[PDB]
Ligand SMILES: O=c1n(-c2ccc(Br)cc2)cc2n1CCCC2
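Okay, here we've got a single chain as structure tokens, the form deposited without the ligand, with questions on binding and movement later.
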């Protein structure tokens, strides 16, 4: 559980927002890319795994699951690549809810930034600091620290 992440791809302003969610905490990292390719997804995962102890990734679709470049990145970074099929159906709804939330926050900051990528990073900040009480940022650190110890 401490090492499990889920990929999520959502769209805004004709652009693609790639999101990784740490399933147990709700903590996220995200980037704007022009389109969701294996190459972009691979690079994103490499970045993520250098920054957090990523053991398992549930990929967001079959193209990324199949991608040789994504498989290469997962091999390189020691990530178990899995499918992202919601065997538990409450999963789709949770992802859907998070995308709606992220887009709402993006709307709330959009005028403070010229570029979408900046608004997305503001949204990441607000999401990860939001008190729900602990924040998602607090939860991920606590979860991982408990695991290490």
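Numbering follows the first chain given and starts at 1.
We do not show the form deposited with the ligand bound, though everything after this point is about it.
No atom of the ligand lies within 2.4 Å of a backbone or C-beta atom here once its pose in the entry with it bound is superimposed on the site C-alphas of this chain, so the site counts as open.
Within this chain, residue 101 lines the site of the ligand in the entry with it bound, having a heavy atom no more than 4.5 Å away. Although the partner is absent here, residue 84 is not a contact residue: none of its heavy atoms lies within 4.5 angstroms of the ligand in the entry with it bound. Residue 127 is the sole member of 109 to 130 found to place a heavy atom within 4.5 Å of the ligand in the entry with it bound.
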